[PDB]
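A.B. asks: This is the structure, below, for whatever I ask next.
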Amino acid sequence: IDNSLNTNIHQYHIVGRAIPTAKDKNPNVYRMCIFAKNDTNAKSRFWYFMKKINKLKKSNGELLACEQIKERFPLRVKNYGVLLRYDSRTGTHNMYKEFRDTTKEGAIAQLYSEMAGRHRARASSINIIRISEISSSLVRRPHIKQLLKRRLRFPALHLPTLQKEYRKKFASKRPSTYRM
Amino acid sequence: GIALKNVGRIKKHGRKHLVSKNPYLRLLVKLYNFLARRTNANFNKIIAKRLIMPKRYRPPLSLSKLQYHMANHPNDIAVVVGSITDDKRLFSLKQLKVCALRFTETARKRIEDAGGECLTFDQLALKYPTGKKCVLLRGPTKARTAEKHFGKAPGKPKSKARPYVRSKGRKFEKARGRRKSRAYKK
Amino acid sequence: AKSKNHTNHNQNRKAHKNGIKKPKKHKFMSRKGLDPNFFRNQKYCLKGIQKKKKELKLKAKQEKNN
Amino acid sequence: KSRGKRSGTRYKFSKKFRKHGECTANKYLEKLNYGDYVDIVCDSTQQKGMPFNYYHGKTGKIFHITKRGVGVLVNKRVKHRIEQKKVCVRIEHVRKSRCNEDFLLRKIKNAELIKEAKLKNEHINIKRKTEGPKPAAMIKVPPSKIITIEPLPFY
Amino acid sequence: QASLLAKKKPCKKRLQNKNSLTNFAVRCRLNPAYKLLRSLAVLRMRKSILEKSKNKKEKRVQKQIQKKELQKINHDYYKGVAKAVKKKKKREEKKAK
Amino acid sequence: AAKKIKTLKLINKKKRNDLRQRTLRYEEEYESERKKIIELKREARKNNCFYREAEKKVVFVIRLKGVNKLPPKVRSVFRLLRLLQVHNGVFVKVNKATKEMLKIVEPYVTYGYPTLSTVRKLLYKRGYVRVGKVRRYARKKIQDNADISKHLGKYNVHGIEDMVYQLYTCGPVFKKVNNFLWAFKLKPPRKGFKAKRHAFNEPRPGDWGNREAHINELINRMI
Amino acid sequence: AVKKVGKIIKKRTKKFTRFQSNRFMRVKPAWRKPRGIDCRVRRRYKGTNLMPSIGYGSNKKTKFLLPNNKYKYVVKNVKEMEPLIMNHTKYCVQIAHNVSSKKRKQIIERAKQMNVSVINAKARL
RNA sequence: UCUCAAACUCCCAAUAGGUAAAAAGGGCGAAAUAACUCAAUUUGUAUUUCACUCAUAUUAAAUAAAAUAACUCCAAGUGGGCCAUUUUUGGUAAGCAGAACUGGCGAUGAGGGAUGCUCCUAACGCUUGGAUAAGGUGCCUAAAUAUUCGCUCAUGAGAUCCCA
RNA sequence: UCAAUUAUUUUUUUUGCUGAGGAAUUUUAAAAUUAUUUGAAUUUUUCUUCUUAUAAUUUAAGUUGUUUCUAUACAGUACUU
């Protein structure tokens, strides 16, 4: 529906297996959940992991399932812990981060934004190894601990912007910053 | 931009139309073109194309050669898209039915004497527009002396093309590369 | 006086302009170099077959005329 | 620079390991026909009748057989044209070719199939058709016996 | 004249691009079944909002038992995911020292 | 004369009735196929065993890139493929050699599984056909079945729905129909791209290569 | 730009006057095709004097037609009336450069008998 | 046991290369011919004449604006080239000299790259309209002082490949 | 409240641009649609389907109609160039 705050990164549960052979009379079936912008991207990342772990390329296997995975309670805000492997210019690093968000997909988008903004790391150079809902008391980030207080009621303190129609070129008098 | 082999064009070759300003032949090809387009058969179309062709593709056909072919086709009408020439190696005729582009007068007289039949192509068109029970003939293509000089380079191995020789002289063009004794041989 | 030496450049591309031409693949081939004795016996066999065909053709034609 | 007969053959005309010395008589006994295809593959022991560098591993028709020689028509690319060239090789260097042997086996099975199909009065399609079509398929693995995978972390 | 074929006919002049989807006569020309297909669409359309409103409850009520089962099936798929995360997490803590 | 003309007209009407009957069998088959996929997925969910459906048999390949500076093997495959123009789309029979050929030209093409609505829509809105003698063809919009019922009468297709049916799912008569139709010259997408020179596969926003089902939305965008 | 009149469409009014003709005084304004290298004409740099092109050529129904709606036929003798009567509905008379006034007047009278206007009728009066 | 080699090699790629996918032919049979052939006139060879019969009535794997294919003739211009990616040799290096594969320019307009023979997009009759590409959207200068999350204050900050 | 996202579909509000052609037998034939007529069908019908017979028409089978104006001019400062 939305296109004003929207994230098109979604989560897909993907299942595949090795093709039956004389050597592989009974295959091994493999499942994983993967965050991607589309089904082809999800599949290609799944295939890359099948290649990295197993000996199975797209040629050597067959896809059992790919399906988008559904938010249980979208109105509820939840504490996500996310564990990364990422590449810098001069090396590879592991990192564990906390985000309070409605859903895991919002968190992954936030994570890519954070890694890009603060570390210059592109989506290609990041690998999420597990994102999951965790207890509020177990968060290490002060900015999320501050939200988790009993009484939250800060003053808003931001600029007006309106929209294109009432985005006047010139004005008779000077604007009111406080807004009250 | 569309990628195109030979820029999308069919650029086939050969004669567009008769280049001669000769009225009778221009008239004749109009007739045979008309017959060729309307008629179902290949025969008329082949005749029309062959009528259009260059002089070197208008060779003479030998009367003896025509006679030799027609003895297996004994009551049938030969058509020849070239000229028919007479033969002074030939003892006598066996009586023939011939349509040709041009007749030498001695041959024509011999055919008449033999009790044979001299057909023009217009007369053939009238009598046999279908070409049913008719026989298409043509003379030798590669008989001509220019073609006797064509093919693989003189003095190059296995070659047998005639050279464009300087003159008839005994001393000339039999040495270097044409006899083993002098330099080498082909 | 100080020349450039070589390049293979464009020659392959030129070859592909008319394509790389290939054998005409004839069913018969001139046989000058092929196995003496065995080939002259083949020439005798072939001449023999031609003679056999000629004998058959001449007799049959003469029989048909009668 | 120089361009003699065996120019640039140090690696190419080396023996393979454990294959040194003269090879079995029963290689030579192998039967050849005119119009066979034949590969030109050279053991390095026997030096007479050794073909040029380009013809190693090439295949072509036998057009002539002699006492211990075999004439083979091989194609060679000469700049802008491929032409057939008469490579004389030895019994030592001829190997009976195998593409023809697949055709022969294919023909034999097809002929038996043709006999059966004609006997049963039902058409068949000989064609070595496509690879890619897959039917629908089932996985009967227990739902907790399936393998759960995740990405690999760093050193 | 007996030999000569009767006169044939050339192709017609260029005609404009009468639309396959929106020009009905042409659409029927291309697809003679389309009128029935148009009828099928019209039949669904003919059924008005009151009958649809009565119907909607029955459809949903008859789906529920299946929907609860389908939820359980997906919940089990999730159980496997959760179990894999827990086992892997434990394994790392075991592994590290 | 008139009796022969009348008889032919009656035969022509009969053929259109026959095509309607084929169309009806096709219409039943389309719904049956749709329902069967649904049933297969629902059966798979119920049971302890898991299941997948079959291969989809065709693939629609759309070209994206200009004809300047093309690699030579890529020029050859394009020539065989018939994606001569930059917005050519064409149907391809899924095979391994066809897939390998497709892989070689991949950075210059998007491709995917087209869906029935798109197949129908594309042939209807942008279907042109090769009318003339063998290699003396000419590009005509279809507009009537009798023309294409002539050439594909020998191979017993005779009707545009039958053409839609074969194009949608590769059957006994695919190669000829596919070849016989002129290659689809498409418009630009009426809302463009993220970035032309990048893959659909990339984490970076892009468009070339396999677009699977979602090829349809692009085809609708560029119709 | 383009000049429609009825179903007579003429593409280009402006004559393709020759490359930089005022720049070198010796040059004349009628077209001459550069065999020059880097000429800024054949090397097809935009913003110079345009090359003529066959594409600008007239439609086959019009081909040589006038806004008069009749093809012009130039007339230097009275005798030219005899084909022009049969073609009057498609062709118009123009009287030639030379024509002496007595003869010219007679031709003008004849043209009126043929019911076809002379496009240069006021001339030599 | 440590570290190794253009001109070392147990093993050993990708890329590039060759042969193959049937009708002027191939099967299994008979009869013929030899001065070839063996002990041996069917003992083979090869050839020839007669047979019986192999898919192609969707084509013995695909795909193909596959004849725009062949082939012959006659002739021109040219023989100083250059640039780019990737592999690359010499040389301290070089917008240096020398190679390889392919694509460009040369012989080429057009749109972008602020400008620019070569980079990118893309190859061009004349016109009308559309929608896009490369690329943009503070103003010069056409479209957002758009949305959205980070990071960033510099007493010479930084800001689109080639590119300074 | 009955989302959303796919699938097959069915419409609709304003509106931009275009009008080649010229049918002495392909502007023909069928289709479509309307008013008739006969037999069936089935999701069952005030745009339900087929085919049986009859007419007209256009969605078939590449713009036509109406009203202005130039102008009630004779070359004008308008119009052509």
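Scheme for the structure tokens: letters A, B, ... for chains in order shown; per-chain residue numbers from 1; ligand numbers from 1 in order shown.
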Could you give me, as a VMD selection string, the residues within 12 Å of residue 98 of chain F, counting only C-alpha atoms (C1' of nucleotides) and dropping anything in the same chain fewer than 4 positions from it?
C.D. replies: (chain D and resid 130 to 132) or (chain F and resid 57 to 61 77 to 78 80 to 81 91 to 94 102 to 106) or (chain H and resid 61 to 63)
A.B. asks: Using N, CA and C atoms (P, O5', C5', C4', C3', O3' and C1' of nucleotides), can you export the residues from the last selection as a PDB file, in the first residue's frame?
C.D. replies:
ATOM      1  N   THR D 130      15.674 -32.613 -26.016  1.00  0.00           N
ATOM      2  CA  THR D 130      15.975 -31.684 -24.930  1.00  0.00           C
ATOM      3  C   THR D 130      16.338 -32.226 -23.548  1.00  0.00           C
ATOM      4  N   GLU D 131      17.037 -31.391 -22.759  1.00  0.00           N
ATOM      5  CA  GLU D 131      17.228 -31.592 -21.337  1.00  0.00           C
ATOM      6  C   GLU D 131      16.744 -30.335 -20.637  1.00  0.00           C
ATOM      7  N   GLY D 132      15.895 -30.464 -19.596  1.00  0.00           N
ATOM      8  CA  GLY D 132      15.294 -29.297 -18.943  1.00  0.00           C
ATOM      9  C   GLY D 132      13.927 -29.552 -18.355  1.00  0.00           C
TER      10      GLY D 132
ATOM     11  N   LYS F  57       8.316 -24.861 -18.974  1.00  0.00           N
ATOM     12  CA  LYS F  57       8.457 -25.248 -20.374  1.00  0.00           C
ATOM     13  C   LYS F  57       8.852 -24.141 -21.336  1.00  0.00           C
ATOM     14  N   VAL F  58       8.245 -22.959 -21.228  1.00  0.00           N
ATOM     15  CA  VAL F  58       8.644 -21.806 -22.005  1.00  0.00           C
ATOM     16  C   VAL F  58       9.379 -20.809 -21.140  1.00  0.00           C
ATOM     17  N   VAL F  59      10.055 -19.854 -21.784  1.00  0.00           N
ATOM     18  CA  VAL F  59      10.626 -18.687 -21.158  1.00  0.00           C
ATOM     19  C   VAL F  59      10.538 -17.544 -22.162  1.00  0.00           C
ATOM     20  N   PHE F  60       9.996 -16.385 -21.758  1.00  0.00           N
ATOM     21  CA  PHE F  60       9.967 -15.191 -22.580  1.00  0.00           C
ATOM     22  C   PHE F  60      11.215 -14.346 -22.346  1.00  0.00           C
ATOM     23  N   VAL F  61      12.028 -14.083 -23.380  1.00  0.00           N
ATOM     24  CA  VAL F  61      13.239 -13.289 -23.262  1.00  0.00           C
ATOM     25  C   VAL F  61      13.096 -11.954 -23.982  1.00  0.00           C
ATOM     26  N   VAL F  77      24.762 -15.505 -31.235  1.00  0.00           N
ATOM     27  CA  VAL F  77      23.617 -15.968 -30.470  1.00  0.00           C
ATOM     28  C   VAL F  77      22.397 -15.071 -30.623  1.00  0.00           C
ATOM     29  N   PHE F  78      22.577 -13.736 -30.633  1.00  0.00           N
ATOM     30  CA  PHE F  78      21.525 -12.786 -30.926  1.00  0.00           C
ATOM     31  C   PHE F  78      20.872 -12.997 -32.272  1.00  0.00           C
ATOM     32  N   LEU F  80      20.820 -15.900 -34.080  1.00  0.00           N
ATOM     33  CA  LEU F  80      20.002 -17.092 -33.929  1.00  0.00           C
ATOM     34  C   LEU F  80      18.720 -16.890 -33.109  1.00  0.00           C
ATOM     35  N   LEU F  81      18.839 -16.232 -31.944  1.00  0.00           N
ATOM     36  CA  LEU F  81      17.762 -15.893 -31.040  1.00  0.00           C
ATOM     37  C   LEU F  81      16.653 -15.062 -31.678  1.00  0.00           C
ATOM     38  N   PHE F  91       9.492 -15.747 -27.426  1.00  0.00           N
ATOM     39  CA  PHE F  91       9.291 -16.946 -26.644  1.00  0.00           C
ATOM     40  C   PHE F  91      10.354 -17.972 -26.987  1.00  0.00           C
ATOM     41  N   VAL F  92      10.855 -18.672 -25.967  1.00  0.00           N
ATOM     42  CA  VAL F  92      11.901 -19.659 -26.090  1.00  0.00           C
ATOM     43  C   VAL F  92      11.468 -20.928 -25.386  1.00  0.00           C
ATOM     44  N   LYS F  93      11.668 -22.069 -26.056  1.00  0.00           N
ATOM     45  CA  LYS F  93      11.502 -23.395 -25.516  1.00  0.00           C
ATOM     46  C   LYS F  93      12.614 -23.757 -24.537  1.00  0.00           C
ATOM     47  N   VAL F  94      12.271 -23.916 -23.245  1.00  0.00           N
ATOM     48  CA  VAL F  94      13.203 -24.333 -22.211  1.00  0.00           C
ATOM     49  C   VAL F  94      13.877 -25.660 -22.535  1.00  0.00           C
ATOM     50  N   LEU F 102      21.179 -18.502 -23.780  1.00  0.00           N
ATOM     51  CA  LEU F 102      20.597 -17.422 -23.026  1.00  0.00           C
ATOM     52  C   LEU F 102      21.562 -16.863 -21.977  1.00  0.00           C
ATOM     53  N   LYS F 103      22.283 -17.723 -21.235  1.00  0.00           N
ATOM     54  CA  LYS F 103      23.327 -17.326 -20.310  1.00  0.00           C
ATOM     55  C   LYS F 103      24.420 -16.493 -20.972  1.00  0.00           C
ATOM     56  N   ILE F 104      24.896 -16.875 -22.167  1.00  0.00           N
ATOM     57  CA  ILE F 104      25.895 -16.086 -22.867  1.00  0.00           C
ATOM     58  C   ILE F 104      25.451 -14.656 -23.199  1.00  0.00           C
ATOM     59  N   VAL F 105      24.181 -14.421 -23.576  1.00  0.00           N
ATOM     60  CA  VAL F 105      23.734 -13.071 -23.903  1.00  0.00           C
ATOM     61  C   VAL F 105      23.106 -12.347 -22.720  1.00  0.00           C
ATOM     62  N   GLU F 106      23.050 -13.012 -21.557  1.00  0.00           N
ATOM     63  CA  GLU F 106      22.418 -12.545 -20.341  1.00  0.00           C
ATOM     64  C   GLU F 106      22.550 -11.071 -19.956  1.00  0.00           C
TER      65      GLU F 106
ATOM     66  P     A H  61      19.107 -37.941 -33.294  1.00  0.00           P
ATOM     67  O5'   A H  61      19.107 -36.629 -32.444  1.00  0.00           O
ATOM     68  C5'   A H  61      18.297 -35.477 -32.774  1.00  0.00           C
ATOM     69  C4'   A H  61      18.320 -34.444 -31.639  1.00  0.00           C
ATOM     70  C3'   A H  61      17.751 -33.060 -31.925  1.00  0.00           C
ATOM     71  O3'   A H  61      16.315 -33.078 -31.757  1.00  0.00           O
ATOM     72  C1'   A H  61      19.867 -32.817 -30.880  1.00  0.00           C
ATOM     73  P     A H  62      15.489 -32.032 -32.630  1.00  0.00           P
ATOM     74  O5'   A H  62      15.607 -30.679 -31.819  1.00  0.00           O
ATOM     75  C5'   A H  62      16.333 -29.571 -32.365  1.00  0.00           C
ATOM     76  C4'   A H  62      16.673 -28.610 -31.235  1.00  0.00           C
ATOM     77  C3'   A H  62      16.557 -27.134 -31.609  1.00  0.00           C
ATOM     78  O3'   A H  62      15.218 -26.693 -31.304  1.00  0.00           O
ATOM     79  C1'   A H  62      18.720 -27.568 -30.824  1.00  0.00           C
ATOM     80  P     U H  63      14.331 -26.144 -32.464  1.00  0.00           P
ATOM     81  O5'   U H  63      14.850 -24.699 -32.705  1.00  0.00           O
ATOM     82  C5'   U H  63      14.991 -23.733 -31.647  1.00  0.00           C
ATOM     83  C4'   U H  63      16.059 -22.704 -32.020  1.00  0.00           C
ATOM     84  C3'   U H  63      16.002 -22.107 -33.431  1.00  0.00           C
ATOM     85  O3'   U H  63      14.925 -21.169 -33.602  1.00  0.00           O
ATOM     86  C1'   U H  63      18.192 -22.666 -32.964  1.00  0.00           C
TER      87        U H  63
END
A.B. asks: Could you give me, as a list in words, the residues within 8 Å of residue 53 of chain G, counting only C-alpha atoms (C1' of nucleotides) and dropping anything in the same chain fewer than 3 positions from it?
C.D. replies: residues 56 and 57 of chain G; 125 of chain H
A.B. asks: When DSSP works through the backbone of this structure, what residues of chain G end up as helix (DSSP H, G or I), shown as an MDAnalysis selection string?
C.D. replies: chainID G and resid 54:56 78:84 101:113
A.B. asks: Output N, CA and C atoms for every residue in the selection just made, as an mmCIF file, in the first residue's frame.
C.D. replies:
data_model
loop_
_atom_site.group_PDB
_atom_site.id
_atom_site.type_symbol
_atom_site.label_atom_id
_atom_site.label_comp_id
_atom_site.auth_asym_id
_atom_site.auth_seq_id
_atom_site.Cartn_x
_atom_site.Cartn_y
_atom_site.Cartn_z
ATOM 1 N N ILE G 54 17.217 13.443 -50.565
ATOM 2 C CA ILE G 54 16.143 12.838 -51.324
ATOM 3 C C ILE G 54 14.841 12.709 -50.533
ATOM 4 N N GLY G 55 14.939 12.561 -49.186
ATOM 5 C CA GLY G 55 13.841 12.446 -48.232
ATOM 6 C C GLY G 55 12.861 13.595 -48.280
ATOM 7 N N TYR G 56 13.353 14.799 -48.617
ATOM 8 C CA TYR G 56 12.588 16.015 -48.801
ATOM 9 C C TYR G 56 11.729 15.977 -50.065
ATOM 10 N N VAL G 78 1.050 28.399 -81.121
ATOM 11 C CA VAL G 78 -0.394 28.286 -81.082
ATOM 12 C C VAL G 78 -0.823 26.838 -81.100
ATOM 13 N N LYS G 79 -0.156 26.021 -81.945
ATOM 14 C CA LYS G 79 -0.424 24.613 -82.191
ATOM 15 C C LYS G 79 -0.449 23.737 -80.938
ATOM 16 N N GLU G 80 0.207 24.194 -79.861
ATOM 17 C CA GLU G 80 0.256 23.541 -78.573
ATOM 18 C C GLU G 80 -1.089 23.505 -77.839
ATOM 19 N N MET G 81 -2.089 24.260 -78.330
ATOM 20 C CA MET G 81 -3.461 24.228 -77.868
ATOM 21 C C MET G 81 -4.121 22.855 -77.985
ATOM 22 N N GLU G 82 -3.858 22.133 -79.091
ATOM 23 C CA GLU G 82 -4.505 20.887 -79.444
ATOM 24 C C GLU G 82 -4.318 19.746 -78.441
ATOM 25 N N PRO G 83 -3.199 19.546 -77.754
ATOM 26 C CA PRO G 83 -3.185 18.591 -76.659
ATOM 27 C C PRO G 83 -3.716 19.269 -75.421
ATOM 28 N N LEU G 84 -3.444 20.565 -75.215
ATOM 29 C CA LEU G 84 -3.866 21.252 -74.017
ATOM 30 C C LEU G 84 -5.377 21.333 -73.793
ATOM 31 N N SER G 101 4.498 39.743 -79.236
ATOM 32 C CA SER G 101 3.271 40.232 -78.620
ATOM 33 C C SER G 101 2.009 39.899 -79.387
ATOM 34 N N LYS G 102 2.038 40.036 -80.726
ATOM 35 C CA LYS G 102 0.939 39.665 -81.593
ATOM 36 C C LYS G 102 0.570 38.186 -81.467
ATOM 37 N N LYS G 103 1.570 37.293 -81.593
ATOM 38 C CA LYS G 103 1.425 35.872 -81.351
ATOM 39 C C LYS G 103 0.993 35.552 -79.929
ATOM 40 N N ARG G 104 1.606 36.205 -78.934
ATOM 41 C CA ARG G 104 1.326 36.027 -77.530
ATOM 42 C C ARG G 104 -0.121 36.328 -77.189
ATOM 43 N N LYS G 105 -0.627 37.488 -77.637
ATOM 44 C CA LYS G 105 -2.020 37.866 -77.552
ATOM 45 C C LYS G 105 -2.955 36.832 -78.161
ATOM 46 N N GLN G 106 -2.631 36.338 -79.369
ATOM 47 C CA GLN G 106 -3.375 35.282 -80.023
ATOM 48 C C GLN G 106 -3.422 33.995 -79.209
ATOM 49 N N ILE G 107 -2.289 33.562 -78.633
ATOM 50 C CA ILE G 107 -2.228 32.438 -77.713
ATOM 51 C C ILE G 107 -3.089 32.672 -76.479
ATOM 52 N N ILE G 108 -3.043 33.877 -75.881
ATOM 53 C CA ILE G 108 -3.873 34.228 -74.737
ATOM 54 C C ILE G 108 -5.360 34.100 -75.046
ATOM 55 N N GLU G 109 -5.825 34.648 -76.178
ATOM 56 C CA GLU G 109 -7.165 34.427 -76.677
ATOM 57 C C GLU G 109 -7.533 32.955 -76.853
ATOM 58 N N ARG G 110 -6.659 32.161 -77.492
ATOM 59 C CA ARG G 110 -6.796 30.725 -77.606
ATOM 60 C C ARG G 110 -6.930 29.997 -76.275
ATOM 61 N N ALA G 111 -6.106 30.351 -75.282
ATOM 62 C CA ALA G 111 -6.171 29.813 -73.942
ATOM 63 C C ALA G 111 -7.531 30.025 -73.279
ATOM 64 N N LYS G 112 -8.136 31.211 -73.477
ATOM 65 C CA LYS G 112 -9.485 31.505 -73.042
ATOM 66 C C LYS G 112 -10.535 30.648 -73.750
ATOM 67 N N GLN G 113 -10.371 30.374 -75.065
ATOM 68 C CA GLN G 113 -11.211 29.433 -75.797
ATOM 69 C C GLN G 113 -11.099 28.013 -75.257
#
A.B. asks: List the neighbours of segment 34-46 of chain A out to 8 Å using only C-alpha atoms (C1' of nucleotides); skip same-chain residues closer than 3 positions along the sequence, and give me the result as a VMD selection string.
C.D. replies: (chain A and resid 8 to 14 49 to 50 66 105 108) or (chain F and resid 200 to 203 210 to 212)
A.B. asks: I'd like a table as a Markdown table: residues in chain B with an atom no more than 7 Å from chain E, each row giving the shortest atom pair and its distance in Å to one decimal, only C-alpha atoms counted, sorted by chain and rising residue number.
C.D. replies:
| residue | atom | partner | partner_atom | distance |
| --- | --- | --- | --- | --- |
| B:38 | CA | E:5 | CA | 5.4 |
| B:39 | CA | E:4 | CA | 5.7 |
| B:129 | CA | E:3 | CA | 6.4 |
| B:130 | CA | E:3 | CA | 6.1 |
A.B. asks: Quick one: residues within 12 Å of residue 45 of chain C, only C-alpha atoms (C1' of nucleotides), excluding same-chain residues fewer than 4 positions away - as an MDAnalysis selection string?
C.D. replies: (chainID C and resid 37:41 49:52) or (chainID H and resid 32:36 46:48)
A.B. asks: Tell me which protein, DNA and RNA residues are within 10 Å of residue 15 of chain F, counting only C-alpha atoms (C1' of nucleotides), leaving out same-chain ones fewer than 3 positions away, and put them as a PDB file with N, CA, C and O atoms, in the first residue's frame.
C.D. replies:
ATOM      1  N   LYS F   9     -17.419 -20.942 -48.216  1.00  0.00           N
ATOM      2  CA  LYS F   9     -17.883 -20.073 -47.155  1.00  0.00           C
ATOM      3  C   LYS F   9     -18.479 -20.842 -45.983  1.00  0.00           C
ATOM      4  O   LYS F   9     -18.139 -20.615 -44.821  1.00  0.00           O
ATOM      5  N   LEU F  10     -19.339 -21.830 -46.258  1.00  0.00           N
ATOM      6  CA  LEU F  10     -19.804 -22.778 -45.269  1.00  0.00           C
ATOM      7  C   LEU F  10     -18.689 -23.543 -44.556  1.00  0.00           C
ATOM      8  O   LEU F  10     -18.694 -23.684 -43.334  1.00  0.00           O
ATOM      9  N   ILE F  11     -17.661 -24.008 -45.288  1.00  0.00           N
ATOM     10  CA  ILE F  11     -16.481 -24.640 -44.716  1.00  0.00           C
ATOM     11  C   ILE F  11     -15.701 -23.700 -43.805  1.00  0.00           C
ATOM     12  O   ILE F  11     -15.330 -24.046 -42.686  1.00  0.00           O
ATOM     13  N   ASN F  12     -15.472 -22.454 -44.245  1.00  0.00           N
ATOM     14  CA  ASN F  12     -14.885 -21.381 -43.469  1.00  0.00           C
ATOM     15  C   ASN F  12     -15.648 -21.069 -42.184  1.00  0.00           C
ATOM     16  O   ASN F  12     -15.056 -20.867 -41.126  1.00  0.00           O
ATOM     17  N   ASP F  18     -15.327 -24.921 -35.260  1.00  0.00           N
ATOM     18  CA  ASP F  18     -14.299 -25.818 -34.773  1.00  0.00           C
ATOM     19  C   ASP F  18     -13.288 -25.120 -33.855  1.00  0.00           C
ATOM     20  O   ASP F  18     -12.950 -25.610 -32.779  1.00  0.00           O
ATOM     21  N   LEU F  19     -12.805 -23.925 -34.240  1.00  0.00           N
ATOM     22  CA  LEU F  19     -11.937 -23.091 -33.427  1.00  0.00           C
ATOM     23  C   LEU F  19     -12.574 -22.666 -32.107  1.00  0.00           C
ATOM     24  O   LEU F  19     -11.945 -22.703 -31.047  1.00  0.00           O
ATOM     25  N   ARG F  20     -13.875 -22.326 -32.110  1.00  0.00           N
ATOM     26  CA  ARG F  20     -14.631 -22.055 -30.901  1.00  0.00           C
ATOM     27  C   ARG F  20     -14.626 -23.259 -29.970  1.00  0.00           C
ATOM     28  O   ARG F  20     -14.342 -23.133 -28.787  1.00  0.00           O
ATOM     29  N   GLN F  21     -14.852 -24.475 -30.492  1.00  0.00           N
ATOM     30  CA  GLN F  21     -14.780 -25.707 -29.734  1.00  0.00           C
ATOM     31  C   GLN F  21     -13.393 -25.970 -29.160  1.00  0.00           C
ATOM     32  O   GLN F  21     -13.259 -26.319 -27.987  1.00  0.00           O
ATOM     33  N   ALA F 146      -7.676 -16.100 -41.082  1.00  0.00           N
ATOM     34  CA  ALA F 146      -7.578 -16.890 -42.299  1.00  0.00           C
ATOM     35  C   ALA F 146      -6.185 -16.952 -42.923  1.00  0.00           C
ATOM     36  O   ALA F 146      -5.743 -17.982 -43.429  1.00  0.00           O
ATOM     37  N   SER F 149      -4.124 -19.274 -40.583  1.00  0.00           N
ATOM     38  CA  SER F 149      -4.728 -20.565 -40.827  1.00  0.00           C
ATOM     39  C   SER F 149      -4.298 -21.175 -42.131  1.00  0.00           C
ATOM     40  O   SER F 149      -4.370 -22.387 -42.308  1.00  0.00           O
ATOM     41  N   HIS F 158      -4.401 -23.418 -37.223  1.00  0.00           N
ATOM     42  CA  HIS F 158      -5.524 -22.633 -37.718  1.00  0.00           C
ATOM     43  C   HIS F 158      -6.391 -21.851 -36.729  1.00  0.00           C
ATOM     44  O   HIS F 158      -7.580 -22.120 -36.546  1.00  0.00           O
ATOM     45  N   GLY F 159      -5.795 -20.817 -36.092  1.00  0.00           N
ATOM     46  CA  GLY F 159      -6.510 -19.925 -35.189  1.00  0.00           C
ATOM     47  C   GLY F 159      -5.617 -19.317 -34.144  1.00  0.00           C
ATOM     48  O   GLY F 159      -4.722 -19.955 -33.599  1.00  0.00           O
TER      49      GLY F 159
END
A.B. asks: Can you tell me which residues surround segment 12-20 of chain C at a distance of at most 12 Å, considering only C-alpha atoms (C1' of nucleotides), apart from same-chain residues fewer than 3 positions away, and format the answer as a list in words?
C.D. replies: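 The residues satisfying every condition are residues 5 and 6 of chain B; 7, 8, 9 and 23 of chain C; 76, 77, 78, 79, 80, 81, 82 and 83 of chain D; 71, 72 and 76 of chain F; 68, 69, 101, 102 and 103 of chain H.
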A.B. asks: Could you give me, as JSON lines, a per-residue list for chain D showing, wherever an atom lies at most 6 Å from an atom of chain H, the closest pair of atoms and their distance in Å to one decimal, using only C-alpha atoms (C1' of nucleotides) and sorting by chain then residue number from low to high?
C.D. replies:
{"residue": "D:58", "atom": "CA", "partner": "H:18", "partner_atom": "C1'", "distance": 5.6}
{"residue": "D:59", "atom": "CA", "partner": "H:19", "partner_atom": "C1'", "distance": 5.3}
{"residue": "D:99", "atom": "CA", "partner": "H:20", "partner_atom": "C1'", "distance": 5.1}
{"residue": "D:126", "atom": "CA", "partner": "H:60", "partner_atom": "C1'", "distance": 5.8}
{"residue": "D:128", "atom": "CA", "partner": "H:61", "partner_atom": "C1'", "distance": 5.2}
{"residue": "D:129", "atom": "CA", "partner": "H:61", "partner_atom": "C1'", "distance": 5.8}
